[PDB]
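J.: Have a look at this one.
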Amino acid sequence: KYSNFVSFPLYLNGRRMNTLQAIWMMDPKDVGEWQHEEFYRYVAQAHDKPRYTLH
Amino acid sequence: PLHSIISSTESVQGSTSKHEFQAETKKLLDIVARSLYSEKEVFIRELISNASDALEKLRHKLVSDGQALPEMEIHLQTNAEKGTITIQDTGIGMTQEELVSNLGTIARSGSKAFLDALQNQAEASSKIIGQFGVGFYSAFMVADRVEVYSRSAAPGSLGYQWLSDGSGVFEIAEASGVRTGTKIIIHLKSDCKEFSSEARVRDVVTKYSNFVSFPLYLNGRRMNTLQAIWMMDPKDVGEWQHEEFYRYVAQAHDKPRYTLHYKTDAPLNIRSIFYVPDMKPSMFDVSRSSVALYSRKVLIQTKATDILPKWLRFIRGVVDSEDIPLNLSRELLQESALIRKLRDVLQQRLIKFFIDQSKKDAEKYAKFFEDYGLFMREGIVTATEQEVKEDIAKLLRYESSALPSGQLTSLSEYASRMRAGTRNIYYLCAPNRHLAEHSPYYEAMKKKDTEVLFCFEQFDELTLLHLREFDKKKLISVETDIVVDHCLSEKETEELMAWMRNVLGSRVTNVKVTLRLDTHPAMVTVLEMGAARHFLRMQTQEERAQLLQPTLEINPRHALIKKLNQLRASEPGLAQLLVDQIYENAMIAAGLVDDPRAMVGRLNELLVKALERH
Amino acid sequence: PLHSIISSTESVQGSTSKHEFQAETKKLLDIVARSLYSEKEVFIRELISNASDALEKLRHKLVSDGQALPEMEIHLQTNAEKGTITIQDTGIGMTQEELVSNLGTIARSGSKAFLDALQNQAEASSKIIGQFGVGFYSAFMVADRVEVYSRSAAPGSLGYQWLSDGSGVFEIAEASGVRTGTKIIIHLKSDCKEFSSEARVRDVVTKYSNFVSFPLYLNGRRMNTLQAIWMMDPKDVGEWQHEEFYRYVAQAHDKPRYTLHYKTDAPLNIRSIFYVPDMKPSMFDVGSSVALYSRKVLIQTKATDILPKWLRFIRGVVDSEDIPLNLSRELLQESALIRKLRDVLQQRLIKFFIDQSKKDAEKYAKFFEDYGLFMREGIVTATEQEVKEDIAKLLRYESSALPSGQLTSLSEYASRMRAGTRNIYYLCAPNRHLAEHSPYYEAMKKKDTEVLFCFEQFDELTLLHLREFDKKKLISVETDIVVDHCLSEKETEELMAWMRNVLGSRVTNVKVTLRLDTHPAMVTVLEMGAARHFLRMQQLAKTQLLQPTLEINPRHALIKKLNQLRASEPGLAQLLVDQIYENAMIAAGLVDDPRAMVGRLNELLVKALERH
Amino acid sequence: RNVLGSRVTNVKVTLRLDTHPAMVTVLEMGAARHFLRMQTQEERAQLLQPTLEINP
Ligand SMILES: Nc1ncnc2c1ncn2[C@@H]1O[C@H](COP(=O)(O)OP(=O)(O)NP(=O)(O)O)[C@@H](O)[C@H]1O
Ligand SMILES: Nc1ncnc2c1ncn2[C@@H]1O[C@H](COP(=O)(O)OP(=O)(O)NP(=O)(O)O)[C@@H](O)[C@H]1O
Ligand SMILES: [K+]
Ligand SMILES: [K+]
Ligand SMILES: [Mg+2]
Ligand SMILES: [Mg+2]
């Protein structure tokens, strides 16, 4: 809930929790169209695709 | 009817001449642009592959001298009002001589000569796609005017141009202000205007050249961020990378339950990855193989070869191999010997992987076998070699009477605790263990101290009779064993026996007496129990019993037979109804009844008239 | 912002030069040698096609002069001693300038010039195969040296000799003693000596060019031995020839029961034949032996499925002279024309069966019983609503308002249906005896509507997937009951709630129904069709409960008997209540495996009969 | 049924009415009333099942 997007690897009993990139800090020319949909499905907690994308 | 005109009268008289082969430059373009490529949008796969090769050559030229690598990009542009497409890269480019020695000659490729002068064939041979030299002319399928702006990357070259219309004549001139690289402009035809929208173009770049080695920007936004994880060593990829890749290829939002990373080179070069979905298989899995071939990081679009066995269609992944041959259409040489042995190599590795999973974990494998157990049974049915049958059979799981309930045993584990010299395997079919132990067939076999498997799910009888052998051991069903092996007074039984020989002279062909029953009133035995249980499903009652030979057995100790004795004196009318129901009860207990709706009418008649004394 | 570098800063300032396209034959021969044909034995098929083309050119030249025709036959020999294969014919022949023009040039064929110089497009436009010009070079796959001897048919032409090794250079010289026609001496490569055996060659000839239009021989023994009736008219061909052809295409021994001769050329040229076997469908049944032909040579697609999937039981051959072909002489995958060819054949085959039903009603009845599975499958495996109805007209059912022993279709069922009614009622049962006595039929006996009886399995699924016919809804008897809108009330209700206390675990809701006469109980659910499949579809495959509403007939003796059993034998009454539930469950078709009820059934009769 | 078949799926008779020539009965009348206002006769009547009863 709180520190999912830490900039360093995080381990809890061996496994790692971050497993995601902060696409709002990266340049638009360095992120593909596939990550733009997976990130949306995480923040919106849905299973559909976005019809618009503003960066 | 034998005659021929073959002789040896031919001879040479004059001095022999010499000549060389020519080629017609007009029909060759017509053949390539009309009857070579089946599908139309393959003209940008060739253009992208050409672009990705110029960048590779430039990078190789800037590492021998240790120079700084500039930006490497591939840009796609689509126009609607002008109806044009655009491709641009930043490769080595082409000089004036290179624009005519490569773009002007059919079946001539400059990339082939580049590798021939390397003398290494180690790192660049596996990263260059061009092999034939005719892929550029695929643009003429949808284009009437082709336009190329290119200049070499050499320090001091000049910009040039290249115009043609596919009529065998092309014009070349000089241009000013051309950026280093190569830009190609295509004017779409009247009937080929579908390639002017982002929706159509995006559906092709992703399908064919999604995993190109260099960044690709379509009209401003890139689509080349996800990297190919099937090439590097498995030690470099984490759990998250495996999870992310599966969601893309399988188009699923869940987590894979198994992952395999196969890399072999001694028999043949193979790079592949396989995934097993966690969710229970859907009906689309059964109805047709979720594996796409890749060669040098471009789709091959097989969709008709089935490089993986049909029983292994439930796994998702990709296979990469540079040893497979391809024809002029960039597709497989169908039914080739090399593509046949790859399937056998892949099949044996997958079976071995599942066996190792069972040893590593049993509770996880039990869940997997419950879900995807249908495919393994189908593979045994649709196989030919016994070695193939036995290899798949190791994945089957059953439970036996010698072990506590709820515990599954393998065939090999069962095959380690027989007697000294008994080459027999016993199995019994039943819906539940409650009916398995209470089955009359099992009760007759309690006389021996042996272990028998209990198979519950359907098609188990069909699968076992098709296997027919496991480790040189014969598979014998319990019902087969009972036939093949080799109270009431006697006076009170001989007078009773003649009745059902007459009143059931049509549906019954044999009635005998058997003491081996303790909790069941009657037993029905048939010679070919396995065949009769399955031939009935493929295919009234008199016909169903004529070819069945329903041998019947009785239990003198049972109270039902004891109570039927006085049924002679008091009410002989009810006697005919009761004996008919006993036969039907035994038939259902023997599993030789397709549907019990017919006997419902007689059951109601007996009940409403027999228990009227309450 | 969008990261783009596409601009329009380019300009033209130089001079325009003119150049022509070139081609290197050293690499062009490389492509054809191994990266063109998947199979290795296709070289003989090309040579036979080339030999037949030579004879066609000679024949058309004679009819122009109107003179007698000499012998016309093709010979091929195998010489296993030195490992050579020879093909000879009596064609037109080629001169020294014709050798270099045709043989020495890639992608250039002399047939197209002859075809374009016809100006009628009927004499030879339907019998010339060659259209690419690279067929001859396919022989380099297995040949390390090629010898060609030929003399033209002109009265005075001389022979010539032609040598090549596939290295990009060929040799031409004058030859003496070569007779009219063409002869090709081929020396086999070390790894491809299997073609020196007669058994291997005989397989290929009968596989690709078995139906050539000229007398073909192998070691002097003729191999054609039959004609191609699919190119002829329906009237000249007799039944005996119509019977001999069937035994060859299907590799069968019986006689066909149906025969269709289809010949149309308006949308696209078709000359095809079809056959329906007499024997029952085999286990293997459940290119489908409809192998496509073009110019009397096999195309060997085996994957395009020119015929619909449900039409996998009929035999025959399809011929077309306008199918687009790949450079490797294979059908162009995913073509617009091939899609319209499949649809055209589907309509004609469906129409043919409709006409056969009207002409012979009894014959179609026997045919329906044998191959009924395929028709039902096609309805389920269809996507268009119109095509589903086209297949639906072939179905045959039995109605309640007619005597036993006759069948009626659905089209005439709607022609005898009342104007107010706008739906069709159907009932599922093994036999008509079990259909009339089924409780659901007796519930709907009040009205005067007509209900069809369907016996064979998956009939309800076929109707469920169809759901429409002539814009009339299909509603089963089971569906109509739920949507429809002596055991005193005090005695009944108090005993009625007793069932709830002991059957509430399974029977969620329960009521009393009075429209019964002989069935002591019923079981009804909302989605009877889905439940009768879903409860059986789950138990079939381990892949991806319900609310059984049980009805009680108060005027039945068995139900009336339970009134005086609660006070006397409460323990035995519970056994009878469960048995009644099982009996009604079986008659509804939703029962589980009946092995379970055997144990409970036996335990009831052992105690209930303990009084005599 | 011939003239209102598109809009009416079933017609019946009620003898309990004496002051109204027409009556419409729906399975879930309360749910239909509130759901209709939030969301021409053909597509509306498809989701309402407007059974028609006429007092003779
Ligand atoms: N965009 C480009 N930039 C620079 N050189 C190019 C480009 N496209 C093509 N070439 C050169 O022109 C040659 C002819 O193109 P092409 O027909 O694609 O041959 P190929 O790609 O190497 N073999 P193929 O697999 O049939 O495409 C190539 O081999 C390159 O040397
Ligand atoms: N046996 C022959 N007799 C006479 N002319 C021949 C013979 N073989 C070849 N030719 C000629 O040589 C040309 C080249 O042969 P070929 O490669 O078969 O071209 P094609 O048959 O016309 N087109 P294709 O369908 O690819 O075979 C033919 O078109 C003929 O004109
Ligand atoms: K080229
Ligand atoms: K030629
Ligand atoms: Mg290329
Ligand atoms: Mg030819």
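Chain identifiers are assigned as A, B, and so on, following the order in which chains appear in the structure tokens; residues are numbered from 1 within each chain, and ligands are numbered from 1 in order of appearance.
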Show me, as a PyMOL selection string, every residue of chain A with an atom at most 12 Å from chain C, counting only C-alpha atoms.
T.: chain A and resi 27-31+54-55
J.: How would the residues just chosen look if you wrote them out with C-alpha atoms as a PDB file, in the first residue's frame?
T.:
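out.pdb written:
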ATOM      1  CA  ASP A  27      10.455   9.525 -20.346  1.00  0.00           C
ATOM      2  CA  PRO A  28       7.584   8.816 -22.771  1.00  0.00           C
ATOM      3  CA  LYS A  29      10.156   7.552 -25.299  1.00  0.00           C
ATOM      4  CA  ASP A  30      11.431   4.874 -22.879  1.00  0.00           C
ATOM      5  CA  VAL A  31       8.118   3.150 -22.017  1.00  0.00           C
ATOM      6  CA  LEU A  54      -2.031  11.407 -21.377  1.00  0.00           C
ATOM      7  CA  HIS A  55       1.593  11.639 -20.204  1.00  0.00           C
TER       8      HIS A  55
END
J.: Mind listing the residues within 6 Å of ligand 4, only C-alpha atoms and all ligand atoms counted, as an MDAnalysis selection string?
T.: chainID C and resid 102:103 105:109 133:134
J.: Using only N, CA and C atoms, please write the residues we just selected to a file, as a tab-separated table (two decimals), in the first residue's frame.
T.:
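Result went into part25.tsv, see below:
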chain	number	residue	atom	x	y	z
C	102	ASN	N	14.34	-20.68	-74.52
C	102	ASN	CA	13.47	-21.28	-73.51
C	102	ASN	C	14.26	-21.88	-72.36
C	103	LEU	N	15.16	-22.82	-72.66
C	103	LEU	CA	15.85	-23.55	-71.60
C	103	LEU	C	16.84	-22.65	-70.86
C	105	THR	N	16.87	-19.39	-70.35
C	105	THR	CA	16.34	-18.17	-69.75
C	105	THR	C	15.44	-18.53	-68.58
C	106	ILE	N	15.65	-17.87	-67.45
C	106	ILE	CA	14.86	-18.12	-66.24
C	106	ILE	C	13.59	-17.28	-66.29
C	107	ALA	N	12.50	-17.86	-65.80
C	107	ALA	CA	11.20	-17.19	-65.70
C	107	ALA	C	10.68	-16.75	-67.06
C	108	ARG	N	11.09	-17.44	-68.12
C	108	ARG	CA	10.59	-17.17	-69.47
C	108	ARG	C	10.10	-18.48	-70.07
C	109	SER	N	8.84	-18.51	-70.48
C	109	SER	CA	8.21	-19.70	-71.02
C	109	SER	C	7.63	-19.42	-72.39
C	133	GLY	N	7.68	-20.79	-65.89
C	133	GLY	CA	8.94	-20.84	-66.61
C	133	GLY	C	10.11	-21.37	-65.82
C	134	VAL	N	9.90	-21.81	-64.58
C	134	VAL	CA	10.97	-22.34	-63.74
C	134	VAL	C	10.80	-23.82	-63.46
J.: As a ChimeraX atom specification, which residues of stretch 295-482 of chain B does DSSP assign to strand (DSSP E or B)?
T.: /B:299,316-320,326,332,397-400,409-410,424-429,452-455,470,473-477
J.: So which residues are near ligand 3, meaning at most 10 Å away with only C-alpha atoms and all ligand atoms counted, given back as a count of residues only?
T.: 21
J.: What residues of the protein or nucleic acid chains come within 6 Å of ligand 2 when you use only C-alpha atoms and all ligand atoms? Reply as a list in words.
T.: residues 50, 51, 54, 91, 93, 102, 103, 109, 110, 111, 129, 130, 131, 132, 133, 134, 135, 136 and 182 of chain C
J.: Next, dump the selected residues to file, keeping only N, CA and C atoms, as an mmCIF file, in the first residue's frame.
T.:
data_model
loop_
_atom_site.group_PDB
_atom_site.id
_atom_site.type_symbol
_atom_site.label_atom_id
_atom_site.label_comp_id
_atom_site.auth_asym_id
_atom_site.auth_seq_id
_atom_site.Cartn_x
_atom_site.Cartn_y
_atom_site.Cartn_z
ATOM 1 N N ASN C 50 5.651 -30.968 -68.604
ATOM 2 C CA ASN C 50 6.336 -30.407 -69.763
ATOM 3 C C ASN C 50 6.147 -31.285 -70.994
ATOM 4 N N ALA C 51 6.225 -32.606 -70.820
ATOM 5 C CA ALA C 51 6.050 -33.515 -71.949
ATOM 6 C C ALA C 51 4.646 -33.415 -72.529
ATOM 7 N N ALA C 54 4.172 -30.337 -74.784
ATOM 8 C CA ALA C 54 4.739 -30.450 -76.124
ATOM 9 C C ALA C 54 3.760 -31.111 -77.086
ATOM 10 N N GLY C 91 6.626 -34.775 -78.976
ATOM 11 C CA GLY C 91 6.117 -33.424 -79.052
ATOM 12 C C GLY C 91 6.640 -32.665 -80.259
ATOM 13 N N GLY C 93 9.060 -30.392 -80.422
ATOM 14 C CA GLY C 93 10.499 -30.263 -80.486
ATOM 15 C C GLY C 93 10.943 -28.812 -80.568
ATOM 16 N N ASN C 102 14.338 -20.682 -74.521
ATOM 17 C CA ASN C 102 13.466 -21.275 -73.512
ATOM 18 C C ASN C 102 14.257 -21.883 -72.355
ATOM 19 N N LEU C 103 15.156 -22.821 -72.659
ATOM 20 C CA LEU C 103 15.851 -23.546 -71.599
ATOM 21 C C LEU C 103 16.841 -22.651 -70.863
ATOM 22 N N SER C 109 8.839 -18.506 -70.482
ATOM 23 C CA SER C 109 8.208 -19.704 -71.015
ATOM 24 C C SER C 109 7.632 -19.416 -72.394
ATOM 25 N N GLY C 110 7.854 -20.343 -73.325
ATOM 26 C CA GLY C 110 7.293 -20.212 -74.656
ATOM 27 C C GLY C 110 5.824 -20.550 -74.766
ATOM 28 N N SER C 111 5.244 -21.144 -73.720
ATOM 29 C CA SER C 111 3.820 -21.464 -73.745
ATOM 30 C C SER C 111 2.967 -20.203 -73.756
ATOM 31 N N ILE C 129 -0.594 -26.238 -68.969
ATOM 32 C CA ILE C 129 -0.335 -26.129 -67.536
ATOM 33 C C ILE C 129 0.712 -25.065 -67.234
ATOM 34 N N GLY C 130 1.817 -25.064 -67.978
ATOM 35 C CA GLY C 130 2.929 -24.176 -67.697
ATOM 36 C C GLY C 130 2.591 -22.700 -67.738
ATOM 37 N N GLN C 131 2.877 -21.990 -66.644
ATOM 38 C CA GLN C 131 2.618 -20.558 -66.579
ATOM 39 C C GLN C 131 3.700 -19.762 -65.859
ATOM 40 N N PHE C 132 4.793 -20.390 -65.428
ATOM 41 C CA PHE C 132 5.845 -19.705 -64.687
ATOM 42 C C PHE C 132 7.164 -19.645 -65.442
ATOM 43 N N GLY C 133 7.680 -20.788 -65.889
ATOM 44 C CA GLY C 133 8.936 -20.844 -66.611
ATOM 45 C C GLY C 133 10.111 -21.369 -65.818
ATOM 46 N N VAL C 134 9.903 -21.813 -64.580
ATOM 47 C CA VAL C 134 10.971 -22.336 -63.738
ATOM 48 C C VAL C 134 10.797 -23.824 -63.461
ATOM 49 N N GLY C 135 9.858 -24.481 -64.144
ATOM 50 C CA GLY C 135 9.594 -25.883 -63.860
ATOM 51 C C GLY C 135 10.742 -26.800 -64.234
ATOM 52 N N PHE C 136 11.406 -26.521 -65.359
ATOM 53 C CA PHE C 136 12.472 -27.402 -65.828
ATOM 54 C C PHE C 136 13.634 -27.445 -64.845
ATOM 55 N N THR C 182 11.241 -35.209 -77.869
ATOM 56 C CA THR C 182 12.208 -34.759 -76.881
ATOM 57 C C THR C 182 12.604 -35.929 -75.994
#
J.: Write down as a VMD selection string the residues of chain A whose backbone DSSP state falls under helix (DSSP H, G or I).
T.: chain A and resid 28 to 30 33 to 43
J.: With only C-alpha atoms considered, list every residue of chain C at most 6 Å from chain B, as JSON, numbers by chain.
T.: {"C": [2, 3, 4, 10, 11, 12, 13, 14, 15, 16, 17, 18, 19, 20, 21, 22, 23, 35, 36, 38, 104, 105, 106, 169, 170, 171, 172, 173, 174, 175, 176, 177, 178, 220, 221, 326, 332, 333, 544, 558, 587, 595, 608]}
J.: Within 10 Å of chain B, which residues of chain A show up when using only C-alpha atoms, listed as an NGL selection string?
T.: :A and (15-20 or 28-35 or 38 or 41 or 47)
J.: Which residues are near ligand 5 in this structure, taking near to mean any atom at most 6 Å from a ligand atom and counting only C-alpha atoms and all ligand atoms? Format them as a PyMOL selection string.
T.: chain B and resi 46+49-50+130+135
J.: Any chance you can output those residues with C-alpha atoms as a PDB file, in the first residue's frame?
T.:
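Wrote result-v9.pdb, looks like this:
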ATOM      1  CA  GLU B  46      10.576  -7.223 -44.937  1.00  0.00           C
ATOM      2  CA  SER B  49      13.988  -6.548 -41.271  1.00  0.00           C
ATOM      3  CA  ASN B  50      16.001  -4.612 -43.858  1.00  0.00           C
ATOM      4  CA  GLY B 130      18.810 -11.190 -45.052  1.00  0.00           C
ATOM      5  CA  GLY B 135      12.389  -9.199 -49.876  1.00  0.00           C
TER       6      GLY B 135
END
J.: Quick one: everything within 6 Å of residue C:452, counting only C-alpha atoms, minus sequence neighbours fewer than 2 positions away in the same chain. Send it as a compact mmCIF listing (two decimals) with N, CA and C atoms, in the first residue's frame.
T.:
# COMPACT_ATOMS: atom_id res chain seq x y z
N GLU C 398 -40.19 -36.73 -35.39
CA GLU C 398 -41.49 -37.37 -35.30
C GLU C 398 -42.38 -36.56 -34.37
N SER C 399 -43.61 -36.30 -34.80
CA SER C 399 -44.53 -35.45 -34.07
C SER C 399 -45.55 -36.27 -33.29
N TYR C 426 -40.72 -29.07 -28.60
CA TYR C 426 -40.06 -30.35 -28.81
C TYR C 426 -39.81 -31.02 -27.47
J.: Can you list every residue of chain C that has an atom at most 10 Å from chain D, with its nearest atom pair and the distance in Å to one decimal, using only C-alpha atoms, ordered by chain then number, as JSON lines?
T.:
{"residue": "C:419", "atom": "CA", "partner": "D:2", "partner_atom": "CA", "distance": 8.2}
{"residue": "C:420", "atom": "CA", "partner": "D:1", "partner_atom": "CA", "distance": 6.3}
{"residue": "C:421", "atom": "CA", "partner": "D:1", "partner_atom": "CA", "distance": 8.8}
{"residue": "C:422", "atom": "CA", "partner": "D:1", "partner_atom": "CA", "distance": 9.2}
J.: Figure out the distance between atom CA of residue B:290 and atom CA of residue B:307, please, to one decimal in Å.
T.: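 Atom-to-atom, atom CA of residue B:307 and atom CA of residue B:290 are spaced 10.5 Å apart.
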J.: Quick one: residues within 12 Å of residue A:43, only C-alpha atoms, excluding same-chain residues fewer than 3 positions away - as a list in words?
T.: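 The residues satisfying every condition are residues 1, 20, 22, 23, 36, 37, 38, 39, 40, 46, 47 and 50 of chain A.
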J.: With C-alpha atoms retained, could you export that selection as a compact mmCIF listing (two decimals), in the first residue's frame?
T.:
# COMPACT_ATOMS: atom_id res chain seq x y z
CA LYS A 1 0.00 0.00 0.00
CA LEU A 20 6.84 -2.84 -11.03
CA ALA A 22 7.24 3.90 -11.87
CA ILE A 23 6.28 4.81 -15.43
CA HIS A 36 0.95 1.59 -20.37
CA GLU A 37 -1.90 -0.95 -20.17
CA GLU A 38 -0.60 -3.11 -17.31
CA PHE A 39 0.01 -0.02 -15.17
CA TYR A 40 -3.52 1.21 -15.87
CA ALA A 46 -9.90 -3.13 -13.61
CA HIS A 47 -9.51 -5.66 -16.42
CA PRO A 50 -7.73 2.52 -21.62
J.: So that I can see what lies close to residue C:466, please list as a list in words the residues with an atom at most 8 Å from it, counting only C-alpha atoms and leaving out residues fewer than 2 positions away in the same chain.
T.: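 Non-adjacent residues within range: residues 379, 380, 388, 389, 462, 463, 464, 468 and 469 of chain C.
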J.: Write to file, as an mmCIF file, in the first residue's frame, the residues of the selection just made, with C-alpha atoms.
T.:
data_model
loop_
_atom_site.group_PDB
_atom_site.id
_atom_site.type_symbol
_atom_site.label_atom_id
_atom_site.label_comp_id
_atom_site.auth_asym_id
_atom_site.auth_seq_id
_atom_site.Cartn_x
_atom_site.Cartn_y
_atom_site.Cartn_z
ATOM 1 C CA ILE C 379 -25.269 -26.674 -36.928
ATOM 2 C CA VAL C 380 -23.241 -26.423 -33.713
ATOM 3 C CA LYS C 388 -27.700 -22.828 -39.628
ATOM 4 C CA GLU C 389 -31.232 -22.711 -41.043
ATOM 5 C CA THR C 462 -28.817 -28.984 -31.730
ATOM 6 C CA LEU C 463 -32.145 -27.246 -31.096
ATOM 7 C CA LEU C 464 -30.630 -25.120 -28.320
ATOM 8 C CA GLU C 468 -34.709 -19.987 -34.479
ATOM 9 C CA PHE C 469 -36.485 -21.294 -37.569
#
J.: For residue B:452, work out the shell of residues within 9 Å, counting only C-alpha atoms and skipping chain neighbours fewer than 4 positions away, then give it as a PyMOL selection string.
T.: chain B and resi 399-402+425-428+478
J.: Rounded to one decimal, what separation in Å do you get between atom CA of residue B:510 and atom CA of residue B:550?
T.: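 For atom CA of residue B:510 relative to atom CA of residue B:550, the distance reads 6.7 Å.
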J.: Leaving out residue C:281 and any residue of its chain fewer than 2 positions from it, which residues lie within 8 Å of it when counting only C-alpha atoms, given as a PyMOL selection string?
T.: chain C and resi 279+283+285+313+370-371
J.: So the first atom is atom CA of residue C:45 and the second is atom CA of residue C:209; what is the distance between them in Å, to one decimal place?
T.: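 According to the coordinates, atom CA of residue C:45 and atom CA of residue C:209 are separated by 6.7 Å.
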